Structures are given as C-alpha cells and as structure tokens.
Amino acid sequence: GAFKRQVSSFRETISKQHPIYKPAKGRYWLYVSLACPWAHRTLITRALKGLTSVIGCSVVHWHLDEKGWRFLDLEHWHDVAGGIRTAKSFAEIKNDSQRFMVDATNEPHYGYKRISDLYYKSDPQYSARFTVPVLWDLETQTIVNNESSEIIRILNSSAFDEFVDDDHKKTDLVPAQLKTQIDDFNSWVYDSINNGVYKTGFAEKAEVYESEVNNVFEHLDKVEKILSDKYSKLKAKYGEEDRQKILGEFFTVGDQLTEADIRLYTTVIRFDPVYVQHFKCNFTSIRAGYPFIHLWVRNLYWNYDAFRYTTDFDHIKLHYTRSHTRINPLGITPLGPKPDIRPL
C-alpha cells in the first residue's frame, strides 16, 4: 500500500561542451507549479543565481486532474514566480477557476493546454507521469531535464555565467568545501522529510502511514538538533541580542546559505499549511514543536526575496486539498493554520 515515486526520465545537462544543449539567453524555459516543492527548488535557485531574465518561467494551474498539470487558455516570463500574484476564504474558488496570472499562466510558446503536450513533443512514446518541474529547450523543442535535484545543479553551475551579473555568478549554493556535508544532509532529508511526507500522506495502509510518520518526525528531530547546536555556537560568538549577526550564519550546513537549505525549505514551508492536516504528519507542527526549524524557516521566508516571492500559499493549500480525492474527497480546503507563516 506504499507510495513509490517514479524516477525522472529526462536527465541531460547544459554546458559549453554539450553536443546539443549549450548555454544561451532566450533558449531555455522552466515550467513549474507553485504548489510543488520539487519545482519550488528550481524557482528559488533561479532567483538566487540571477537567472530570471536568462530562463523564462511559466506556471501550471494548482488543480491537478486526471489529465495532468494544465495551463490557462515579458515582465511575467522573467519574474521570479512567472508573474503569478496572490489574489487580494477559498470557498468561492472552484477547481476550474480561471483567474489569469493568479491561478496559472498560459503556455506562451505553443499555446499548449496541458503539460503532457510538452512531454509528447519531446518523446512521442513517453509513458510515465507528466511531472513538474520541466527544463525545456526552445531550439530543439525537447525536455533537457525534469529532475529537480539536477535542475538546481545546472542552474548553480558555471553554464550561464556569461549571461548573469558579477554578484550572481559568484554565488555558489554547492561549494566544494561543504559538498560532502551537503550531500549527506540532502540524502537523509530526501528520504525521510522531502519524500517522507509523501510516503506518509499517500500511504493507503495504516501500517505504512505509521512507519513513515514516525520516520518523518525522527528526522525533523535530527534537523532541529543540528540547528540548536549551531544557534548555541552563534549566540556565544555574537550574543543573543545581536539576532541579525546570528541569523546571517544560521543555516543547515556550514555557515552560509546552500542547496541543503533550499531543498529542506520547500518541505518545511508547506508543513504547517498542508502536511500536518492533509498528510497527517501531525505529532506536532513546526511552529509549536520545532523552535529552531521555525526560526530558520522564518529567516529564509521573511529575509530572502528568492524564498518569499516564490512561495504561494494559495497554490500550496489549494493544490493538495483540491487534487487528492482519496484524502479529501469533497475538496474542502481547511482555513487553518492561521497564519500560513508566523512573523519573525
């Protein structure tokens, strides 16, 4: 009765040496959902690496029906969130809602209504799931890569350095000095937290649900310990009153913002708004039960534009509650918790 995530099929890279996919401005596109934590990784990374004008973005609807992610039928393409803005209750919003630049964008290059149209163009024999994110090549009309862990490495690589400014080129979310630390952390966070919440919420037998939920909270406890130890050291170094200096080095790995933080964030920012109620990951919440994770996630959300302005809590809450009929059969979106993220 367990959930098994399928392996992603499109696994190519972009580099000056690549025979097909070489770096250029105006060539590649990023198709995402704002509700998906995997695709969220790519949006955050695109922003932190200064690539919003280099790689355009479009956004599928938050409602996921049986035919897969769908679209509605320049300032937006090159925006951190593809131009989506949260509207100024959920009950009046139906699953077929058509608020252009609120629920979704269009697909601007071909007018496709379905993300499956891109998959079939790339591989007419494709037979797997039509997932987001998709890194798309406009020249060959193919999917370069649809594995979020690899897309973020492509984005952080030197590939696009000619087309970005001096400050962003220098940002390195996977420094060699921390690479074993990042890769370790990522491995167990993936299995027990990023994917752990899905193995918990999609379980169809309680035995699997219980095993997986225990494993989620056991690993949140590990993260919380790492952060608690780091906070102790920073408080000794700077004094607890100098909160600003403390937060400037308050990260999961090392003393700087890395990929490990990005990958954790996309799960943690969804945890209280969705995963507690909807995936039954409910021993406690981040805000009530995990002070150091809670501080860490609020620092990233409130103080980093790449996190705040790619985080759409309406897409998050509506996607899960409205799409997963075997969890929420009537599609009624809970109004709580309030607020979606507490202030810092």
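Counting begins at 1, following the sequence as shown.
Engineer: Between residue 162 and residue 163, how many residues of the deposited sequence have no coordinates in this entry: none, 1 to 3, 4 to 9, or 10 or more?
Structural biologist: Going from residue 162 to residue 163, the model skips no residues of the deposited sequence.
Engineer: Give the stretch, out of 23-31 and 315-323, with the larger mean C-alpha temperature factor in the deposited entry.
Structural biologist: Stretch with the higher mean C-alpha B-factor: 23-31.
Engineer: Comparing 333-341 with 2-10, which stretch shows the greater average C-alpha B-factor in the deposited entry?
Structural biologist: Between 333-341 and 2-10, it is 2-10.
Engineer: Based on what the PDB entry reports, which of 204, 224, 218, 210 has the top C-alpha B-factor?
Structural biologist: Largest recorded C-alpha B-factor: 204.
Engineer: Highest Cα B-factor in the deposition, which of 132, 128, 274, 151?
Structural biologist: In the PDB entry, the greatest C-alpha B-factor among 132, 128, 274, 151 is found at 128.
Engineer: Once the chain's modelled residues are ordered by C-alpha B factor and cut into thirds, is residue 287 in the lowest, middle or highest one?
Structural biologist: Its C-alpha B-factor, which the entry lists for residue 287, ranks in the middle third among residues of this chain.
Engineer: Of the three thirds of its chain by CA temperature factor, lowest, middle or highest, which one includes residue 107?
Structural biologist: Answer is middle: the recorded C-alpha B-factor places it there.
Engineer: Going by what the PDB entry lists, where does residue 229 fall on CA B-factor within its chain: lowest, middle or highest third?
Structural biologist: Residue 229: CA B-factor falls in the highest third of its chain.
Engineer: Quick check for you: using the entry's CA B-factors within this chain, is residue 53 in the lowest, middle or highest third?
Structural biologist: Residue 53: CA B-factor falls in the highest third of its chain.
Engineer: Comparing residue 243 with the other modelled residues of its chain, is its CA B-factor in the lowest, middle or highest third?
Structural biologist: Highest third, going by the recorded CA B-factors of the chain.
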